[PDB]
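Peer 1: First, the structure itself, so that you have it in front of you.
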Amino acid sequence: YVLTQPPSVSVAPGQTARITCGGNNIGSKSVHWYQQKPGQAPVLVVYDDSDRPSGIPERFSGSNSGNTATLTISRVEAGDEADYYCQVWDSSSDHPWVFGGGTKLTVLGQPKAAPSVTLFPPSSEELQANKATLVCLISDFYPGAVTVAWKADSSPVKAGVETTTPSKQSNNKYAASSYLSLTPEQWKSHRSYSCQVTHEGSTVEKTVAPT
Amino acid sequence: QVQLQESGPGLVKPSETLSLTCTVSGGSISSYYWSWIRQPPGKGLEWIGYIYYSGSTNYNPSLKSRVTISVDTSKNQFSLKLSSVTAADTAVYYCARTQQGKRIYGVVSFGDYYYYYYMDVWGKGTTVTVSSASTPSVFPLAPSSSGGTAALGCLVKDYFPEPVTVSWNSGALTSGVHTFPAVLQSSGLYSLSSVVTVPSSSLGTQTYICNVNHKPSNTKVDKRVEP
(Lines give C-alpha, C1' and ligand atoms only; values in the text may rest on other atoms or scores of the structure.)
Protein backbone atom coordinates (compact mmCIF):
# COMPACT_ATOMS: atom_id res chain seq x y z
CA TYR A 1 0.00 0.00 0.00
CA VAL A 2 1.23 3.49 -0.90
CA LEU A 3 0.87 6.60 1.27
CA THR A 4 1.57 9.85 -0.59
CA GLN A 5 2.48 12.88 1.51
CA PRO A 6 3.55 16.37 0.45
CA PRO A 7 7.18 16.81 1.53
CA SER A 8 6.53 20.26 3.02
CA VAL A 9 3.79 22.68 4.09
CA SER A 10 4.14 26.32 5.17
CA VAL A 11 1.84 28.52 7.26
CA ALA A 12 1.91 31.97 8.81
CA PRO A 13 1.46 31.77 12.59
CA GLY A 14 -2.15 31.56 13.77
CA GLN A 15 -3.27 30.18 10.42
CA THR A 16 -4.54 26.65 9.77
CA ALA A 17 -2.20 23.95 8.47
CA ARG A 18 -3.49 20.98 6.48
CA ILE A 19 -1.25 17.96 5.97
CA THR A 20 -2.75 15.47 3.50
CA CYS A 21 -2.17 11.73 3.20
CA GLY A 22 -2.93 10.29 -0.22
CA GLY A 23 -3.91 6.67 -0.70
CA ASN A 24 -6.30 4.59 -2.79
CA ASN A 25 -9.62 4.39 -0.96
CA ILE A 26 -7.76 5.31 2.23
CA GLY A 27 -11.09 6.24 3.82
CA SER A 28 -11.67 2.50 4.18
CA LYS A 29 -8.62 2.36 6.45
CA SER A 30 -7.52 3.49 9.91
CA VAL A 31 -5.00 6.31 9.60
CA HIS A 32 -2.72 7.36 12.45
CA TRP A 33 -0.56 10.49 12.64
CA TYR A 34 2.82 11.04 14.28
CA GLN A 35 4.62 14.29 15.04
CA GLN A 36 8.40 14.50 15.16
CA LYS A 37 9.94 17.78 16.26
CA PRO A 38 13.63 18.37 15.38
CA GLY A 39 16.00 16.24 17.46
CA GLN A 40 13.14 14.49 19.25
CA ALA A 41 11.35 11.14 19.26
CA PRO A 42 7.98 10.86 17.48
CA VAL A 43 4.71 11.05 19.40
CA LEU A 44 1.22 9.83 18.54
CA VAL A 45 -1.08 12.75 17.74
CA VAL A 46 -3.96 10.92 16.02
CA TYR A 47 -5.10 7.28 16.01
CA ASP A 48 -7.84 5.54 14.00
CA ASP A 49 -8.64 8.51 11.72
CA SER A 50 -9.65 11.03 14.39
CA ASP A 51 -9.00 9.79 17.93
CA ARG A 52 -7.03 12.16 20.15
CA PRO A 53 -4.37 10.62 22.42
CA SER A 54 -4.08 11.87 26.01
CA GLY A 55 -2.38 15.27 26.11
CA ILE A 56 -2.72 16.22 22.45
CA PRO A 57 -3.99 19.83 22.07
CA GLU A 58 -7.46 20.35 20.59
CA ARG A 59 -5.65 22.28 17.85
CA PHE A 60 -4.83 18.91 16.27
CA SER A 61 -7.67 17.26 14.35
CA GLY A 62 -7.52 14.10 12.26
CA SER A 63 -9.98 13.25 9.50
CA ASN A 64 -10.27 10.58 6.81
CA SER A 65 -12.54 10.25 3.78
CA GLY A 66 -12.27 8.99 0.20
CA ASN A 67 -8.71 8.98 -1.12
CA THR A 68 -7.22 11.43 1.37
CA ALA A 69 -6.58 11.49 5.11
CA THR A 70 -5.96 14.91 6.63
CA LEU A 71 -4.23 16.26 9.71
CA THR A 72 -5.57 19.74 10.41
CA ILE A 73 -3.72 22.07 12.76
CA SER A 74 -5.55 25.28 13.61
CA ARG A 75 -3.95 28.33 15.26
CA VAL A 76 -0.49 27.03 14.32
CA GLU A 77 2.38 27.98 16.62
CA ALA A 78 6.12 28.08 15.94
CA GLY A 79 6.48 25.13 18.30
CA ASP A 80 4.33 22.96 16.03
CA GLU A 81 7.08 22.89 13.39
CA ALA A 82 7.87 19.22 12.82
CA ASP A 83 7.79 16.28 10.46
CA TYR A 84 4.30 14.78 10.29
CA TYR A 85 3.92 11.13 9.33
CA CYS A 86 0.68 9.38 8.43
CA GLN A 87 0.61 5.63 9.02
CA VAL A 88 -1.56 2.65 8.14
CA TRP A 89 -1.65 -1.10 8.73
CA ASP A 90 -2.85 -2.76 5.51
CA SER A 91 -3.38 -6.46 6.30
CA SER A 92 -3.45 -7.45 2.61
CA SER A 93 0.18 -6.61 1.87
CA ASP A 94 3.61 -8.18 2.12
CA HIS A 95 4.45 -4.83 3.69
CA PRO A 96 1.62 -4.66 6.26
CA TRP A 97 3.02 -1.62 8.07
CA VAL A 98 3.22 1.51 5.94
CA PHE A 99 4.55 4.95 6.82
CA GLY A 100 3.99 8.06 4.75
CA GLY A 101 7.07 9.82 3.40
CA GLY A 102 6.56 12.65 5.86
CA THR A 103 5.58 16.31 5.69
CA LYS A 104 7.80 19.09 7.01
CA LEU A 105 5.78 21.85 8.65
CA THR A 106 7.48 25.25 8.59
CA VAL A 107 6.00 28.32 10.27
CA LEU A 108 6.84 31.36 8.15
CA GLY A 109 6.96 34.91 9.47
CA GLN A 110 8.35 34.40 12.97
CA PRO A 111 9.78 37.44 14.81
CA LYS A 112 13.41 38.28 14.07
CA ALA A 113 15.81 37.68 16.96
CA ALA A 114 19.41 38.82 17.47
CA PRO A 115 22.11 36.26 18.34
CA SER A 116 23.67 36.16 21.80
CA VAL A 117 27.37 35.34 21.56
CA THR A 118 29.75 33.90 24.16
CA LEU A 119 33.44 33.31 23.49
CA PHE A 120 35.49 31.15 25.85
CA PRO A 121 39.32 31.14 25.75
CA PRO A 122 41.43 27.96 25.96
CA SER A 123 41.11 26.51 29.47
CA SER A 124 43.94 26.43 32.00
CA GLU A 125 43.75 22.63 31.92
CA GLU A 126 43.90 22.22 28.14
CA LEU A 127 47.08 24.25 27.71
CA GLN A 128 49.15 21.76 29.75
CA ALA A 129 48.07 19.16 27.21
CA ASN A 130 49.64 21.34 24.52
CA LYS A 131 46.19 21.83 23.01
CA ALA A 132 44.28 25.10 22.70
CA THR A 133 40.66 25.59 21.66
CA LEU A 134 38.50 28.71 21.37
CA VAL A 135 34.79 28.03 21.93
CA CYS A 136 32.26 30.42 20.39
CA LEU A 137 28.62 29.84 21.31
CA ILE A 138 25.76 31.44 19.41
CA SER A 139 22.19 31.31 20.70
CA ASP A 140 18.70 32.84 20.62
CA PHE A 141 18.78 33.88 16.96
CA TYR A 142 16.11 33.79 14.24
CA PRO A 143 16.21 33.21 11.27
CA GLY A 144 18.48 30.21 11.85
CA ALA A 145 21.24 31.36 9.52
CA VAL A 146 24.55 32.90 10.59
CA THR A 147 27.99 33.38 9.09
CA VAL A 148 30.99 33.11 11.40
CA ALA A 149 34.36 34.80 10.93
CA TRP A 150 37.44 34.31 13.10
CA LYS A 151 40.12 36.96 13.49
CA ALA A 152 43.60 36.69 14.93
CA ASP A 153 44.63 40.18 16.05
CA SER A 154 42.64 41.92 13.28
CA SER A 155 43.69 39.14 10.87
CA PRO A 156 41.03 36.77 9.45
CA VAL A 157 41.76 33.04 9.78
CA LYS A 158 40.37 29.99 7.98
CA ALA A 159 42.60 27.26 9.38
CA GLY A 160 41.21 25.11 12.17
CA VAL A 161 37.71 26.52 12.10
CA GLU A 162 34.93 24.00 12.74
CA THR A 163 31.39 25.40 12.75
CA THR A 164 28.11 23.54 13.29
CA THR A 165 24.78 23.96 11.55
CA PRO A 166 22.13 25.97 13.41
CA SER A 167 19.77 23.80 15.49
CA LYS A 168 16.35 24.67 16.90
CA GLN A 169 16.12 25.47 20.61
CA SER A 170 13.09 24.76 22.80
CA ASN A 171 12.16 28.44 22.57
CA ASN A 172 11.92 28.10 18.78
CA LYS A 173 15.07 30.16 18.33
CA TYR A 174 18.36 28.77 17.02
CA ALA A 175 21.75 27.82 18.42
CA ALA A 176 25.11 27.07 16.81
CA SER A 177 28.73 26.67 17.88
CA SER A 178 32.07 27.48 16.27
CA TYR A 179 35.47 26.09 17.25
CA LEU A 180 39.03 27.19 16.59
CA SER A 181 41.91 24.98 17.74
CA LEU A 182 45.38 26.42 18.14
CA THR A 183 48.77 25.74 19.61
CA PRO A 184 49.50 27.35 22.98
CA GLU A 185 52.40 28.80 20.98
CA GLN A 186 49.82 30.37 18.66
CA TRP A 187 47.46 31.38 21.47
CA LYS A 188 49.97 33.21 23.69
CA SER A 189 51.50 34.62 20.49
CA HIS A 190 48.74 37.07 19.60
CA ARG A 191 47.36 40.00 21.59
CA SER A 192 43.79 38.78 21.07
CA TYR A 193 41.32 36.72 19.03
CA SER A 194 37.80 37.40 17.77
CA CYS A 195 34.71 35.38 16.91
CA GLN A 196 32.59 37.38 14.47
CA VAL A 197 28.96 36.36 13.95
CA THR A 198 26.94 37.92 11.14
CA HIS A 199 23.16 37.57 11.32
CA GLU A 200 20.63 39.09 8.91
CA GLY A 201 22.88 41.94 7.77
CA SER A 202 24.50 42.71 11.12
CA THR A 203 27.50 41.51 13.11
CA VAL A 204 28.24 40.80 16.77
CA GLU A 205 31.88 40.37 17.77
CA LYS A 206 33.50 38.98 20.91
CA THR A 207 37.21 39.15 21.77
CA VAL A 208 39.50 37.19 24.11
CA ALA A 209 43.11 37.71 25.17
CA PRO A 210 45.56 35.35 26.94
CA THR A 211 46.59 36.04 30.54
CA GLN B 1 3.26 7.23 33.07
CA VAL B 2 4.52 4.35 30.98
CA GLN B 3 8.07 4.82 29.91
CA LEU B 4 10.24 2.94 27.42
CA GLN B 5 14.04 2.99 27.56
CA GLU B 6 16.34 1.81 24.76
CA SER B 7 19.81 0.53 25.64
CA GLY B 8 22.26 0.34 22.75
CA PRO B 9 25.99 0.01 21.99
CA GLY B 10 26.18 3.24 19.99
CA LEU B 11 28.80 1.62 17.76
CA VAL B 12 28.97 -1.67 15.86
CA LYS B 13 31.57 -2.87 13.35
CA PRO B 14 30.42 -3.65 9.79
CA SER B 15 28.94 -7.15 9.32
CA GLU B 16 28.65 -8.11 13.00
CA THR B 17 25.43 -8.25 15.01
CA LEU B 18 23.67 -5.20 16.47
CA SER B 19 21.95 -5.89 19.79
CA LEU B 20 19.33 -3.64 21.38
CA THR B 21 17.08 -3.82 24.43
CA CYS B 22 14.05 -1.81 25.52
CA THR B 23 13.09 -1.61 29.19
CA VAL B 24 9.54 -0.56 30.02
CA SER B 25 8.66 1.16 33.29
CA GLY B 26 5.44 2.23 34.98
CA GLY B 27 3.60 -0.50 33.10
CA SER B 28 3.65 -4.14 32.03
CA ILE B 29 4.69 -5.73 28.74
CA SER B 30 1.80 -8.17 29.11
CA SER B 31 -1.26 -7.97 26.81
CA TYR B 32 0.58 -5.56 24.50
CA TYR B 33 2.49 -5.51 21.22
CA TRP B 34 6.04 -4.20 21.05
CA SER B 35 7.71 -2.67 18.01
CA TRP B 36 11.15 -1.60 16.87
CA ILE B 37 11.47 1.37 14.53
CA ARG B 38 14.53 3.10 13.08
CA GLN B 39 15.37 6.39 11.40
CA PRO B 40 18.44 6.81 9.18
CA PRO B 41 20.00 10.32 9.27
CA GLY B 42 17.73 12.71 7.36
CA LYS B 43 15.38 9.93 6.27
CA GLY B 44 11.83 8.94 7.20
CA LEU B 45 10.61 6.32 9.66
CA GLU B 46 10.92 2.60 8.99
CA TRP B 47 9.03 0.00 11.02
CA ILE B 48 11.16 -3.08 11.68
CA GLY B 49 8.81 -5.51 13.39
CA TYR B 50 6.49 -6.16 16.31
CA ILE B 51 6.23 -8.80 19.00
CA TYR B 52 3.14 -9.86 20.93
CA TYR B 53 3.94 -10.45 24.60
CA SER B 54 3.18 -14.14 23.97
CA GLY B 55 6.05 -14.48 21.50
CA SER B 56 4.38 -14.06 18.10
CA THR B 57 6.54 -12.01 15.77
CA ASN B 58 5.99 -10.03 12.59
CA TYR B 59 8.56 -8.25 10.47
CA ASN B 60 9.24 -5.69 7.78
CA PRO B 61 10.08 -8.03 4.86
CA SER B 62 12.91 -5.77 3.69
CA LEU B 63 14.81 -6.72 6.85
CA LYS B 64 13.23 -10.06 7.81
CA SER B 65 16.31 -12.11 6.92
CA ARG B 66 18.68 -10.36 9.34
CA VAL B 67 16.31 -9.28 12.12
CA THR B 68 15.15 -11.07 15.28
CA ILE B 69 12.82 -9.70 17.96
CA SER B 70 12.30 -11.49 21.29
CA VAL B 71 10.36 -10.83 24.50
CA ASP B 72 11.01 -11.35 28.19
CA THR B 73 8.00 -10.79 30.45
CA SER B 74 10.01 -11.78 33.51
CA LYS B 75 12.05 -8.57 33.12
CA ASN B 76 9.66 -6.35 31.16
CA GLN B 77 12.02 -5.92 28.22
CA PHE B 78 12.00 -6.88 24.58
CA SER B 79 15.01 -7.12 22.30
CA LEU B 80 16.23 -6.55 18.75
CA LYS B 81 18.98 -8.39 16.89
CA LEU B 82 20.23 -7.23 13.50
CA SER B 83 22.84 -9.38 11.76
CA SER B 84 25.38 -8.79 8.99
CA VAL B 85 25.33 -5.08 9.85
CA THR B 86 26.07 -2.53 7.12
CA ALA B 87 26.49 1.24 6.74
CA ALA B 88 22.81 1.55 5.79
CA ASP B 89 21.87 0.28 9.25
CA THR B 90 23.09 3.55 10.77
CA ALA B 91 20.03 5.12 12.37
CA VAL B 92 18.32 6.07 15.60
CA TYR B 93 16.50 3.00 16.87
CA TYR B 94 13.19 3.40 18.70
CA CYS B 95 11.20 0.96 20.79
CA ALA B 96 7.47 1.68 20.94
CA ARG B 97 4.41 0.21 22.64
CA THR B 98 2.01 -1.03 19.99
CA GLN B 99 -1.78 -1.12 20.24
CA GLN B 100 -4.03 -3.47 18.30
CA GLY B 101 -7.30 -1.88 17.26
CA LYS B 102 -10.33 -3.39 15.54
CA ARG B 103 -13.02 -1.74 13.46
CA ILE B 104 -16.25 -3.71 13.31
CA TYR B 105 -18.04 -1.89 10.48
CA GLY B 106 -20.74 -4.50 9.85
CA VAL B 107 -21.76 -7.93 11.13
CA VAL B 108 -18.88 -9.39 13.15
CA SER B 109 -19.84 -12.85 11.85
CA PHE B 110 -19.63 -12.01 8.14
CA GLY B 111 -16.04 -10.87 8.61
CA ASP B 112 -17.18 -7.28 8.24
CA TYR B 113 -14.29 -6.20 10.45
CA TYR B 114 -10.52 -5.71 10.43
CA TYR B 115 -7.56 -5.21 12.75
CA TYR B 116 -4.97 -2.45 12.78
CA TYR B 117 -1.91 -1.41 14.76
CA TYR B 118 -0.40 1.86 15.95
CA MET B 119 2.23 3.01 18.42
CA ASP B 120 1.05 5.16 21.33
CA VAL B 121 4.07 5.11 23.67
CA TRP B 122 7.56 5.64 22.26
CA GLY B 123 11.04 5.37 23.73
CA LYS B 124 13.66 8.12 23.54
CA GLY B 125 15.71 6.45 20.78
CA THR B 126 19.32 5.28 20.64
CA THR B 127 21.93 6.19 18.04
CA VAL B 128 23.56 3.31 16.17
CA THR B 129 26.70 4.02 14.17
CA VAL B 130 28.36 1.55 11.82
CA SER B 131 32.08 2.18 11.55
CA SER B 132 35.38 0.30 11.58
CA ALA B 133 36.71 3.05 13.84
CA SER B 134 37.02 2.65 17.61
CA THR B 135 35.71 4.39 20.75
CA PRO B 136 36.20 12.24 25.32
CA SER B 137 38.34 14.87 27.06
CA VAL B 138 36.40 17.38 29.18
CA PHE B 139 37.82 20.82 29.96
CA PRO B 140 36.28 23.53 32.17
CA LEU B 141 34.98 26.72 30.56
CA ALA B 142 35.54 29.18 33.40
CA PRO B 143 33.40 32.31 34.02
CA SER B 144 35.00 35.68 33.26
CA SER B 145 34.45 39.41 33.82
CA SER B 146 26.78 39.78 30.89
CA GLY B 147 24.86 42.01 33.29
CA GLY B 148 24.52 40.03 36.51
CA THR B 149 24.22 36.84 34.47
CA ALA B 150 27.43 34.79 34.23
CA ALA B 151 28.22 32.04 31.73
CA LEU B 152 30.36 28.99 32.49
CA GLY B 153 30.54 25.54 30.95
CA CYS B 154 32.32 22.36 29.98
CA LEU B 155 34.05 21.61 26.69
CA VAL B 156 33.79 17.98 25.58
CA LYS B 157 36.24 17.24 22.77
CA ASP B 158 37.37 14.34 20.65
CA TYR B 159 34.81 11.61 21.39
CA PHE B 160 33.22 9.00 19.15
CA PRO B 161 30.60 8.15 18.38
CA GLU B 162 27.52 10.14 19.36
CA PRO B 163 26.10 10.71 21.84
CA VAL B 164 27.23 12.30 25.09
CA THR B 165 24.83 13.70 27.67
CA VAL B 166 25.67 16.41 30.18
CA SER B 167 24.06 17.19 33.51
CA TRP B 168 25.08 19.88 36.00
CA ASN B 169 25.27 19.25 39.75
CA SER B 170 24.09 15.64 39.31
CA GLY B 171 20.91 16.87 37.63
CA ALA B 172 20.01 19.34 40.37
CA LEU B 173 21.07 22.30 38.23
CA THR B 174 18.76 22.43 35.21
CA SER B 175 17.99 26.13 34.74
CA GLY B 176 20.03 28.11 32.23
CA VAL B 177 21.57 24.87 31.00
CA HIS B 178 22.09 24.84 27.24
CA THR B 179 23.98 21.85 25.85
CA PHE B 180 24.91 22.67 22.26
CA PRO B 181 24.80 20.06 19.45
CA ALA B 182 28.17 18.49 18.60
CA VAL B 183 30.43 19.40 15.70
CA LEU B 184 31.62 16.91 13.14
CA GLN B 185 35.38 17.45 12.98
CA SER B 186 37.40 17.03 9.80
CA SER B 187 39.13 14.40 11.92
CA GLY B 188 35.71 12.74 12.15
CA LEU B 189 35.63 12.93 15.94
CA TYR B 190 32.89 14.76 17.83
CA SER B 191 33.05 17.80 20.10
CA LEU B 192 30.38 19.64 22.08
CA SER B 193 30.25 22.18 24.87
CA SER B 194 27.56 22.62 27.51
CA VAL B 195 26.94 25.99 29.14
CA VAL B 196 24.94 27.18 32.14
CA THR B 197 24.17 30.83 32.82
CA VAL B 198 24.23 31.50 36.56
CA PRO B 199 23.86 34.71 38.58
CA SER B 200 27.09 36.75 38.38
CA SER B 201 26.32 38.02 41.89
CA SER B 202 27.75 35.54 44.42
CA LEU B 203 29.30 33.48 41.63
CA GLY B 204 31.77 32.52 44.34
CA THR B 205 30.74 30.21 47.22
CA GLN B 206 28.79 28.28 44.57
CA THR B 207 29.98 24.96 43.18
CA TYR B 208 29.30 24.03 39.56
CA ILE B 209 29.93 20.46 38.42
CA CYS B 210 29.26 19.20 34.90
CA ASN B 211 28.56 15.47 34.76
CA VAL B 212 29.51 13.99 31.39
CA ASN B 213 28.19 10.56 30.47
CA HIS B 214 29.46 8.74 27.40
CA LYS B 215 27.66 5.39 27.20
CA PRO B 216 29.53 3.95 24.17
CA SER B 217 32.61 3.71 26.42
CA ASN B 218 31.00 3.32 29.88
CA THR B 219 32.58 6.57 31.10
CA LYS B 220 30.99 8.87 33.66
CA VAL B 221 33.07 11.99 34.30
CA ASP B 222 32.70 14.89 36.75
CA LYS B 223 34.48 18.23 36.30
CA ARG B 224 34.41 21.26 38.62
CA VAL B 225 34.17 24.75 37.09
CA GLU B 226 35.37 27.87 38.94
CA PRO B 227 36.91 31.20 37.77
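As shown in the C-alpha coordinates, the chain order sets the letters A, B, ...; within each chain, residues go from 1, and ligands are also counted from 1 in the order they appear.
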Name the residues in contact with residue B:9 at a cut-off of 8 Å, using only C-alpha atoms, excluding same-chain residues fewer than 2 positions from it; report them as a list in words.

Peer 2: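 Near residue B:9, the qualifying residues are residues 7, 11, 12, 18, 19, 20, 128, 215 and 216 of chain B.
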
Peer 1: Could the residues in this selection be saved with N, CA and C atoms as a PDB file, in the first residue's frame?

Peer 2:
ATOM      1  N   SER B   7      18.388   0.633  25.331  1.00  0.00           N
ATOM      2  CA  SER B   7      19.809   0.532  25.637  1.00  0.00           C
ATOM      3  C   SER B   7      20.537  -0.010  24.415  1.00  0.00           C
ATOM      4  N   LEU B  11      27.885   1.961  18.849  1.00  0.00           N
ATOM      5  CA  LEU B  11      28.801   1.625  17.762  1.00  0.00           C
ATOM      6  C   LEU B  11      28.859   0.120  17.519  1.00  0.00           C
ATOM      7  N   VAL B  12      28.899  -0.265  16.247  1.00  0.00           N
ATOM      8  CA  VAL B  12      28.971  -1.667  15.865  1.00  0.00           C
ATOM      9  C   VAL B  12      29.752  -1.801  14.556  1.00  0.00           C
ATOM     10  N   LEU B  18      24.173  -6.255  15.597  1.00  0.00           N
ATOM     11  CA  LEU B  18      23.670  -5.197  16.467  1.00  0.00           C
ATOM     12  C   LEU B  18      22.655  -5.744  17.466  1.00  0.00           C
ATOM     13  N   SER B  19      22.868  -5.456  18.746  1.00  0.00           N
ATOM     14  CA  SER B  19      21.946  -5.887  19.794  1.00  0.00           C
ATOM     15  C   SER B  19      21.346  -4.707  20.546  1.00  0.00           C
ATOM     16  N   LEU B  20      20.021  -4.692  20.651  1.00  0.00           N
ATOM     17  CA  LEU B  20      19.327  -3.642  21.383  1.00  0.00           C
ATOM     18  C   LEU B  20      18.376  -4.224  22.414  1.00  0.00           C
ATOM     19  N   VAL B 128      22.686   4.393  16.601  1.00  0.00           N
ATOM     20  CA  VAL B 128      23.559   3.308  16.172  1.00  0.00           C
ATOM     21  C   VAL B 128      24.453   3.784  15.035  1.00  0.00           C
ATOM     22  N   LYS B 215      28.039   6.801  27.183  1.00  0.00           N
ATOM     23  CA  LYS B 215      27.659   5.388  27.204  1.00  0.00           C
ATOM     24  C   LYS B 215      28.462   4.446  26.282  1.00  0.00           C
ATOM     25  N   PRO B 216      28.769   4.866  25.034  1.00  0.00           N
ATOM     26  CA  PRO B 216      29.526   3.948  24.166  1.00  0.00           C
ATOM     27  C   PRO B 216      30.914   3.546  24.680  1.00  0.00           C
TER      28      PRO B 216
END

Peer 1: For stretch 107-118 of chain B, list every protein, DNA or RNA residue within 10 Å, evaluated using only C-alpha atoms, and leave out those in the same chain fewer than 4 positions away; present the list as a PyMOL selection string.

Peer 2: (chain A and resi 29-34+44+46-48+87-91+96-97) or (chain B and resi 33+35+50+96-103)

Peer 1: Chain B residues within 6 Å of chain A, counting only C-alpha atoms: which ones, as a list in words?

Peer 2: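 Selected residues: residues 116, 120, 124 and 183 of chain B.
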
Peer 1: DSSP says strand (DSSP E) for which residues of stretch 159-207 of chain A? Put them as a PyMOL selection string?

Peer 2: chain A and resi 161-163+167-168+174-182+193-198+203-207

Peer 1: Tell me, in Å to one decimal, how far atom CA of residue B:67 is from atom CA of residue B:48.

Peer 2: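 The value is 8.1 Å.
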
Peer 1: Closest to residue A:18 among A:38, A:6, A:109, A:55, using only C-alpha atoms?

Peer 2: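 Residue with the minimum atom-to-atom distance to residue A:18: A:6.
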
Peer 1: For a test of reading the model, state the distance in Å between atom CA of residue B:3 and atom CA of residue B:66, rounded to one decimal.

Peer 2: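 Value for the atom CA of residue B:3-atom CA of residue B:66 distance: 27.7 Å.
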
Peer 1: Run DSSP on the backbone and grab whatever in stretch 12-218 of chain B lands in helix (DSSP H, G or I); send it over as a PyMOL selection string.

Peer 2: chain B and resi 87-89+169-171+215-217

Peer 1: Take the selection from the previous step and output its residues with N, CA, C and O atoms, as a short mmCIF file (atom, residue, chain, number, x, y, z; two decimals), in the first residue's frame.

Peer 2:
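Once everything was written out, this is part.cif:
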data_model
loop_
_atom_site.label_atom_id
_atom_site.label_comp_id
_atom_site.auth_asym_id
_atom_site.auth_seq_id
_atom_site.Cartn_x
_atom_site.Cartn_y
_atom_site.Cartn_z
N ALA B 87 26.52 -0.21 6.56
CA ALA B 87 26.49 1.24 6.74
C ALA B 87 25.08 1.81 6.65
O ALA B 87 24.80 2.88 7.19
N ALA B 88 24.19 1.10 5.96
CA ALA B 88 22.81 1.55 5.79
C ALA B 88 21.95 1.21 7.01
O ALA B 88 20.76 1.50 7.03
N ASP B 89 22.57 0.60 8.01
CA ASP B 89 21.87 0.28 9.25
C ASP B 89 22.12 1.37 10.30
O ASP B 89 21.64 1.28 11.43
N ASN B 169 25.56 19.52 38.34
CA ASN B 169 25.27 19.25 39.75
C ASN B 169 24.40 18.00 39.93
O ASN B 169 23.42 18.02 40.66
N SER B 170 24.78 16.93 39.23
CA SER B 170 24.09 15.64 39.31
C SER B 170 22.61 15.73 38.93
O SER B 170 21.80 14.93 39.38
N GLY B 171 22.27 16.71 38.10
CA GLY B 171 20.91 16.87 37.63
C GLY B 171 20.08 17.82 38.48
O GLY B 171 18.90 18.04 38.20
N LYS B 215 28.04 6.80 27.18
CA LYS B 215 27.66 5.39 27.20
C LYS B 215 28.46 4.45 26.28
O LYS B 215 28.80 3.34 26.70
N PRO B 216 28.77 4.87 25.03
CA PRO B 216 29.53 3.95 24.17
C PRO B 216 30.91 3.55 24.68
O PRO B 216 31.59 2.74 24.03
N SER B 217 31.33 4.09 25.82
CA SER B 217 32.61 3.71 26.42
C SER B 217 32.50 3.49 27.93
O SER B 217 33.51 3.29 28.60
#

Peer 1: Find, counting only C-alpha atoms, the residue in B:130, B:150, B:2, B:203 that gets nearest to residue B:17.

Peer 2: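 Once distances to residue B:17 are computed over only C-alpha atoms, the minimum belongs to B:130.
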
Peer 1: With a distance cut-off of 6 Å and only C-alpha atoms, select the neighbouring residues of residue B:194, excluding the residue or stretch itself and same-chain residues fewer than 5 positions from it, and output the selection as a CSV table (one decimal) with N, CA, C and O atoms, in the first residue's frame.

Peer 2:
chain,number,residue,atom,x,y,z
B,153,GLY,N,30.9,26.8,31.6
B,153,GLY,CA,30.5,25.5,31.0
B,153,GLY,C,31.6,24.5,30.9
B,153,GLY,O,32.7,24.6,31.6
B,154,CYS,N,31.4,23.4,30.2
B,154,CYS,CA,32.3,22.4,30.0
B,154,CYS,C,32.5,22.1,28.5
B,154,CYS,O,31.5,22.1,27.7
B,178,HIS,N,22.2,24.9,28.7
B,178,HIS,CA,22.1,24.8,27.2
B,178,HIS,C,23.2,24.0,26.7
B,178,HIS,O,24.3,24.5,26.5
B,179,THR,N,23.0,22.7,26.5
B,179,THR,CA,24.0,21.8,25.9
B,179,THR,C,23.9,21.9,24.3
B,179,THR,O,22.9,21.5,23.7
B,180,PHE,N,24.9,22.5,23.7
B,180,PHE,CA,24.9,22.7,22.3
B,180,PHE,C,25.1,21.3,21.5
B,180,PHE,O,25.8,20.5,22.1

Peer 1: Enter the distance from atom CA of residue B:157 to atom CA of residue A:37, in Å, rounded to one decimal.

Peer 2: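 Computing it gives 27.1 Å between the two atoms.
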
Peer 1: Rank nothing, just name the residue among A:182, A:157, A:152, A:71 nearest to residue A:16, using only C-alpha atoms.

Peer 2: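 Going through A:182, A:157, A:152, A:71 one by one, the smallest distance to residue A:16 is for A:71.
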
Peer 1: Write out as a CSV table (one decimal) with N, CA and C atoms, in the first residue's frame which residues come within 10 Å of residue A:188 when counting only C-alpha atoms, dropping same-chain ones fewer than 2 positions away.

Peer 2:
chain,number,residue,atom,x,y,z
A,132,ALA,N,44.9,23.8,22.4
A,132,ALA,CA,44.3,25.1,22.7
A,132,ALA,C,43.1,25.3,21.8
A,182,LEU,N,44.1,25.7,18.3
A,182,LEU,CA,45.4,26.4,18.1
A,182,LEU,C,46.4,25.7,18.9
A,183,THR,N,47.7,26.1,18.7
A,183,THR,CA,48.8,25.7,19.6
A,183,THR,C,48.8,26.8,20.7
A,184,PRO,N,49.2,26.4,21.9
A,184,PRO,CA,49.5,27.3,23.0
A,184,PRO,C,50.5,28.4,22.5
A,185,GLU,N,51.4,27.9,21.6
A,185,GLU,CA,52.4,28.8,21.0
A,185,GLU,C,51.7,29.8,20.1
A,186,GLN,N,50.6,29.5,19.5
A,186,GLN,CA,49.8,30.4,18.7
A,186,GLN,C,48.9,31.3,19.5
A,190,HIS,N,49.5,35.9,20.0
A,190,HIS,CA,48.7,37.1,19.6
A,190,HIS,C,48.2,37.9,20.8
A,191,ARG,N,47.9,39.1,20.5
A,191,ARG,CA,47.4,40.0,21.6
A,191,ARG,C,45.9,39.7,21.9
A,192,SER,N,45.2,39.1,20.9
A,192,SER,CA,43.8,38.8,21.1
A,192,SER,C,43.3,37.9,19.9
A,209,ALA,N,41.7,37.6,25.1
A,209,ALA,CA,43.1,37.7,25.2
A,209,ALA,C,43.7,36.8,26.3
A,210,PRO,N,44.9,36.2,26.0
A,210,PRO,CA,45.6,35.4,26.9
A,210,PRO,C,46.0,36.1,28.2
A,211,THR,N,46.0,35.5,29.3
A,211,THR,CA,46.6,36.0,30.5
A,211,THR,C,46.8,34.9,31.6

Peer 1: Pick out the residues sitting within 7 Å of residue B:209, and hand them over as a list in words; count only C-alpha atoms, and ignore anything fewer than 6 positions along from it in its own chain.

Peer 2: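 In the requested format, the answer is residues 168, 169, 222, 223, 224 and 225 of chain B.
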
Peer 1: Quick one: residues within 9 Å of residue A:115, only C-alpha atoms, excluding same-chain residues fewer than 4 positions away - as an NGL selection string?

Peer 2: :A and (138-142 or 146 or 174-175 or 197-199 or 204)
